[PDB]
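Participant:
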Amino acid sequence: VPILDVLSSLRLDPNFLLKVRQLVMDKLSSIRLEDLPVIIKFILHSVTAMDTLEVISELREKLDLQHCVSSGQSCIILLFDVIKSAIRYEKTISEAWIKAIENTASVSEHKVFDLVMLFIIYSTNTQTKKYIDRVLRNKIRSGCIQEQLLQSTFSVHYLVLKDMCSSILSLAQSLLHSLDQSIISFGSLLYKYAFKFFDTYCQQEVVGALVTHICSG
Amino acid sequence: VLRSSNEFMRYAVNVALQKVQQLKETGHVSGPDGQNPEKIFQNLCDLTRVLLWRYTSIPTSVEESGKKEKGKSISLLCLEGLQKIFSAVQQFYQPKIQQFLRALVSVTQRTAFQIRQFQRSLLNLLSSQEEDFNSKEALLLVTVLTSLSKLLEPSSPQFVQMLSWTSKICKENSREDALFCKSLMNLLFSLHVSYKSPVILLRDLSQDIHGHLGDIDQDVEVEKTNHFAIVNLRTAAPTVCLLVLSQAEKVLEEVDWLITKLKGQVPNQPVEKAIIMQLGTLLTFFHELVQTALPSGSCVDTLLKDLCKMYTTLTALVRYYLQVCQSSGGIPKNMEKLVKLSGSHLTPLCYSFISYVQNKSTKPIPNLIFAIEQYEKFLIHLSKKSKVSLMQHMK
Amino acid sequence: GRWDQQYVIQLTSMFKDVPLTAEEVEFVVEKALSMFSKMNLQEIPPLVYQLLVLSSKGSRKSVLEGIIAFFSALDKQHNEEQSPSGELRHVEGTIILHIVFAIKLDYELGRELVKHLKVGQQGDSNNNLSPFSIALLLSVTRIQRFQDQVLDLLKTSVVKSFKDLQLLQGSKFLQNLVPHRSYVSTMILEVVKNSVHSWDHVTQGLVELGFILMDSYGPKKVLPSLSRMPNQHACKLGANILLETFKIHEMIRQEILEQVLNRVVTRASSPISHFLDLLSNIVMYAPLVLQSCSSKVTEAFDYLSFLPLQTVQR
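Chains as they are written, first to last, in the working numbering: chain D, 1176 to 1392; chain B, 15 to 409; chain U, 2 to 315.
1. Please classify B/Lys277: does DSSP put it in a helix, a strand, or coil?
2. Is the CB-CB distance between D/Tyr1368 and D/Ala1384 below 8 Å?
3. Leaving out five residues on either side along the sequence, give the residues of the same chain with a beta carbon under 7 Å from the beta carbon of B/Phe114.
4. With the cut-off set at 8 Å, would you say B/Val269 and B/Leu293 are in Cβ contact?
5. How is the alpha helix (DSSP H) around B/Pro51 delimited, first residue to last?
6. From this set, B/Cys339, B/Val121, B/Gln56, B/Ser79, which residue's C-alpha is nearest B/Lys399's C-alpha?
7. Under 8 Å Cβ-Cβ, which residues of chain U neighbour B/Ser178?
8. Output needed in chain order: residues of the stretch 254–271 of chain U with a Cβ under 9 Å from some Cβ in chain D.
9. Is the stretch 188–200 of chain B in contact with the stretch 273–292 of chain B, if contact means three or more CB pairs nearer than 8 Å?
10. For residue 14 of chain B, which residues in the same chain have their Cβ closer than 8 Å to its Cβ, ignoring the five residues on either side in sequence?
11. Who are the neighbours of U/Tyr304 on chain D, taking C-beta pairs under 9 Å?
12. Between U/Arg315 and B/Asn240, what straight-line distance do the alpha-carbon atoms span, to the nearest angstrom?
13. Could you tell me whether the Cβ atoms of U/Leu110 and U/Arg61 are closer together than 8 Å?
14. For U/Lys105, go through chain D and note every residue whose CB falls closer than 7 Å to its CB, in chain order.
15. Under 8 Å between the Cβ atoms of U/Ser196 and U/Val185?
16. How about B/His226 and B/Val245: are their beta carbons less than 8 Å apart?
17. Could you tell me if U/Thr142 is buried or exposed, where buried requires 16 or more neighbouring beta carbons within 10 angstroms of its beta carbon?
18. Can you find a CB in chain U that lies within less than 8 Å of the CB of B/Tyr209?
19. Check the Cβ-Cβ distances between D/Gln1248 and every residue of chain U, and say whether any is below 8 Å.
20. Short check: CB of B/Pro362 to CB of B/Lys319, under 8 Å?
21. Is U/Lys77 close to chain B, meaning its C-beta is less than 8 Å from at least one C-beta of that chain?
22. State the Cα-Cα distance for the pair B/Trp271 and U/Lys221, rounded to the nearest angstrom.
23. Distance check for B/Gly343 and B/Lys409, CA to CA, integer angstroms please.
24. At 4 residues or longer, what runs of the alpha helix (DSSP H) sit wholly inside the stretch 1309–1360 of chain D?
25. Just the Cα atoms here: how many angstroms apart are B/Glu286 and B/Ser188?
26. Using a Cβ-Cβ cutoff of 8 Å, what residues of the stretch 1184–1204 of chain D are near chain U? List them in chain order.
27. Contact between the stretch 1308–1328 of chain D and the stretch 1264–1272 of chain D is defined here as three or more beta-carbon pairs at a separation below 8 Å; is this criterion met?
28. Could you pull the start and end residues of the alpha helix (DSSP H) that B/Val174 belongs to?
29. Considering only the alpha carbon of each residue, which of U/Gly239, U/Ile213, U/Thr299 lies closest to U/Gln255?
30. Using the Cβ count rule (16 or more neighbours within 10 Å means buried), how would you classify D/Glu1209?
31. Nearest-angstrom Cα distance between U/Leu65 and U/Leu243?
32. Quick check on this structure: which residue in B/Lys391, B/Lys323, B/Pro346, B/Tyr334 has the alpha carbon closest to the alpha carbon of B/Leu382?
33. Measure the C-alpha to C-alpha separation of D/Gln1348 and D/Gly1362 and round it to an integer number of angstroms.
34. Mapping DSSP to helix, strand and coil, what is D/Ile1295?
35. Please report how far the alpha carbon of U/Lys156 lies from the alpha carbon of U/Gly239, in whole angstroms.
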């Protein structure tokens, strides 16, 4: 981190920054918990219009979040915040990020991170919402996304999601209106866990959305 | 030692011009404490007071500087500065105009006194009978007086006094400079419009224009010049027709919106009666305008587009009458007289003017004949669905 | 025939389960409608609930049109009294809540609602709209289908409001004829005043609405009154909305805030003077709240090294 601030401060060529970036990306599982966020902060400052895809790919490959165990919670949170700020105060991060998990097609070894980031992006800038739905339907039908995924997702990272529960429902709504039982089952589990872990207002909104489904659907 | 200098003195007011222009471009200026509005406001007050005493105490007629310094007169530069100050302070410090003037009771009387001063300054400019005619000074005067008329209520008595004085000036003074005439007519419209409908004034303008220009047939000897003095063969022919056309255009837009709201409705009767009174007067204005032998620039095609608009308003009118004539049944006699005068005076002379623009030698005349034939078509439909023949009036 | 005051609930509860036709259900609802003028106000909510579940048969339009006219005259009469406010608010809210469940279950109800309301039949202002009307629309926009439709409608209607208003003030002749009509802007402002009590469902759309106005018609040309006054008044209205909102609502702050910051920071090209003056007014009126809404500004400073200078000064 000091090194990085200083390198931001000094008069340099960027080709060296790239080397260092790759260097840290290798040295990216091999960091302690606390600083991690600010490192990533650096990276995402450092990124550009074009390199973005590849660095993200590497990143998406190197971040795990089952590895990070008051043993990981505060920092994870802060991390997500940071990312949240990043993709708030610029756009193309999100389209690239989506592209990256979208073209991760051959991978039946999908990790937790992806869904979490999807929720987040759904919650934030909305032009792409139909893009997100589309892609999520497509990986579900492909069977690359499944349910023990969602199980461990809500068994740990829920705290991140509490403050965007409304996103989950606005999605599940568009999930159950489709065909292809597995999709419909996914939306179910959504409603289920949402009512399960979250608070009263959530529960209430659950019931109120299901009833709508019943009566109208 | 400094009062002997003249270059120095004009330089200092040019600096003040740069201060005010900085402020008018920005929200503030460059100089020290040029970010807090209050100090700026106070400085403006004092500056204005100084320039007022200059131009009041000392008249314009003190330039023994040179025939090049007549347009660089300190008496002129202080006026232009005053103008910009009033513009900018209206823009920004609208919520302090009273206290602003108090350094010089409602805003009405303050404005009235300042207006006496300024319009009398212009009055002695005019009664100078100066053949050089400092149109720069005259234009700054009408400009700033226009800037100032906006603070009087359109119901305040001094507003009415100002309208009186303006009409009076337009009735006596001619002053052959088309731009002075233009800004003065714009101001008189800004008054007359805000006090009532202008159609009386519009009709008087069309009458003077018909008088001065003559006619398309060049055997209709007309001179209705008595209506207003500010009408000139150099000014009235190219310019003032276009302004009064834009005015009639705005009135046509208003009555179009009225037709729209009354259509959407089905409060009703006195609304349509006021509308048709306006439209009869606009038709009289159109008749006064069309017989004129205008120049073949944009004046003729603007008149043709305005007559297209007239026929379009008439089409919408007969359309709303086709909408209503099932519920109530019948036609108002006022509308009967209206379509009568339309078929009688307008359409034959309309085609005469089309013939007069076409014989002498692209888009509007097709649009106008389309408008008048659509008007005739909807008149067929209304004569059918109104239980009254409306082509017996027509030829 | 005449009904009992107490027994209209059960009267309509009977027509609930009958096989009825158009005019059957029409006369049922018309009688129950005219019965509203002889009622305590704690009685109206379940009455309208049952009126609507019966409206489900065919009889949709007239239920809402009557409720609209009723509450319109009611709020006018209450404003003339001002010339039980809290109770009156508490009613209107639960009415709108139950109308929400209704259009939630019926994806057509809202369409006729819209079609009943849309001022742009050609563009002339209808006298149909009202504070309560608008409040219903904004509590509705949080449904996923109608949202953008409604928020476009309101926008264009406000636009027409201001166009006709600037023509009025521009012309004496028309000012002589028409009586002033409660404009859409002022309608919204009074709605905000009423929103204070328990109107949580409305604020979520109010936020979006204001920001939408600002983003839609913000200064972009310099990077004229016909073009600029509407746009300026529009963003100005969005500003007033967000201002008077942020003054009183303690759960949409941070998000009003971060939205302003988000639209401000990144774009860095298009004018944001409107946002900034807004922000200035906000902060000035009530800073202490922002000691609670802290971290967004600490992180906003992180871009300060990248931002352009003049904007940073402001």
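All C-beta atoms, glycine included, are put in the ideal place defined by N, C-alpha and C.
Facilitator: Inspection of the coordinates gives the following:
1. helix
2. no
3. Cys59, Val103, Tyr107
4. Yes, they are a contact pair.
5. Where B/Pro51 is concerned, the enclosing alpha helix (DSSP H) stretches over 51–71.
6. B/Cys339
7. Within chain U, no residue comes near B/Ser178; the closest Cβ sits about 16 Å away, beyond 8 Å.
8. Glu259, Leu262, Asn263, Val266, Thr267
9. no
10. The first residue shown for chain B is 15 and the last is 409, placing residue 14 of chain B beyond what the model contains.
11. Within 9 Å Cβ-Cβ: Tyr1264.
12. 59 Å
13. yes
14. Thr1387
15. no
16. In this structure, B/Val245 lies closer than 8 Å to B/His226 by Cβ.
17. U/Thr142 comes out buried.
18. yes
19. no
20. no
21. no
22. 29 Å
23. Their backbone Cα atoms lie some 26 Å apart in a straight line.
24. Inside the stretch 1309–1360 of chain D, DSSP marks whole alpha helix (DSSP H) runs of 4 or more residues at positions 1322–1331, 1333–1336, 1340–1351, from first to last along the chain.
25. 39 Å
26. none
27. no
28. First-last of the alpha helix (DSSP H) with B/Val174: 171–186.
29. Across the set U/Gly239, U/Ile213, U/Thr299, the C-alpha of U/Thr299 shows the shortest separation from the C-alpha of U/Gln255.
30. exposed
31. 29 Å
32. B/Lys323
33. One C-alpha to the other measures close to 8 Å.
34. In this structure, D/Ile1295 counts as helix in the three-state DSSP scheme.
35. Rounded to the nearest angstrom, the two C-alpha atoms are 11 Å apart.
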